[PDB]
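Here's the structure we're looking at; comments come further down.
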Amino acid sequence: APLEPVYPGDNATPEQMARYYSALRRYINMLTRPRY
């Protein structure tokens with residue numbers, strides 16, 4: 001929380017929770033891209 005004025009960050013959502021985890025899956029896969 002360095003300095004983020006306007007637009008607060010309270011109340012999570014299932015539509016963002018399923019996305020956070022789905023992004024982690026794809027992100028891991030991207031981080032393990034074909035780079036032999």
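In case it helps, the entry's author numbering puts the sequence shown at residues 1 to 36.
All C-beta atoms in this analysis are idealised placements derived from N, C-alpha and C, irrespective of residue type, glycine included.
Determine the direct distance from the alpha carbon of residue j to that of residue i, and round the result to whole angstroms.
{"i": "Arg-33", "j": "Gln-16", "result": "25 Å"}
{"i": "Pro-14", "j": "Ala-23", "result": "14 Å"}
{"i": "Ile-28", "j": "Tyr-21", "result": "11 Å"}
{"i": "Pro-8", "j": "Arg-35", "result": "40 Å"}
{"i": "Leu-31", "j": "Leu-3", "result": "30 Å"}
From the DSSP output, in three-state form, read off residue i for me.
{"i": "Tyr-7", "result": "coil"}
{"i": "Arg-35", "result": "coil"}
{"i": "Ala-1", "result": "coil"}
{"i": "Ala-23", "result": "helix"}
{"i": "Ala-12", "result": "coil"}
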